[PDB]
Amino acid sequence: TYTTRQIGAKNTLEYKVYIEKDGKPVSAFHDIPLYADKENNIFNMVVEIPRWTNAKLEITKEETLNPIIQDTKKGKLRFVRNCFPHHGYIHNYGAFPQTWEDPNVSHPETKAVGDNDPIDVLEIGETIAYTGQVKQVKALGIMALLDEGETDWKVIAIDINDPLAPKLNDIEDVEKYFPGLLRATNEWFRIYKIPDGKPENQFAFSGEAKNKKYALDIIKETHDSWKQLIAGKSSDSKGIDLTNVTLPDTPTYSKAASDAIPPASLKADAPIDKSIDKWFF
């Protein structure tokens, strides 16, 4: 829950980042506890995408110890384009470890199934995060995007160490201290696929971020799903590598998995094509 090890040059198909715990690589999906402090609901967020970058990085469910790598489609590295007035991602974008949005399970208020991923976390503080960072955040609220039959929750969160953190407890405080960030968020998730020849995205609750308690209910839900997933009790974990090195009674415990990870690579960031500079109106 500690440091990172980067495999490969950044902006490259070889690129992977592992989370290490005291030097040893663990699963970013499995071995990082959801709670840093359960009683107070301080969670561990695994950061994937720094604010104001483009490269579409994610925890790979299908790779052992679930490193963060860059999205590809048909062999090409995937980037989100700049969608005026936005520069790349407008949040530090990440996921809550030890959560899973069960596809074999649906929401009524959001007539839509899980998307088979960890719950997405938008961390809205001032400091730009780094890929593979485990930070402590509090949930402030939650939105619901609606990708094709599956509810895509995005928890809105703030780093516990942020100067403003004490002033922020519920979603209305985001309106108070970050005026327009909720609209920007809304705008961005709707249009950020359009430069990629995809359609406009579609929110539930008509774009409403529901509140902190509403976010807590969903997070604890997706945690319980992941408990049955990691326990081997899931109806269907097609593709998900459940290898972990900290949960000694799980079916898929395997300390040696840690030891099998190659050393930190000595490579400078690959250049990114200048096409990714482009601002799309």
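One rule holds for the numbers: they count along the sequence shown, beginning at 1.
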- request: Can you let me know which of the two, 138-146 or 193-201, has the higher average C-alpha B-factor in the entry?
  value: 193-201
field: Higher-scoring stretch by recorded Cα B factor average, 270-278 or 1-9
entry: 1-9
Among 58, 62, 224, 31 - the residue whose C-alpha B-factor is largest in the record: 224
message: In terms of recorded Cα temperature factor, pick the maximum from 95, 171, 158, 113.
response: 113
field: residue 129 - which third its CA temperature factor falls in, relative to the rest of the chain
entry: middle
message: Sorting by Cα B-factor within the chain, modelled residues only, which third would residue 45 end up in: lowest, middle or highest?
response: middle
- line: Tertile call for residue 91 (CA temperature factor, within chain, third-based) is the lowest
- request: Grab the CA temperature factor for residue 103 from the record and place it in the lowest, middle or highest third of its chain.
  value: highest
- prompt: Lowest, middle or highest third of the chain for the C-alpha temperature factor of residue 165?
  reply: highest
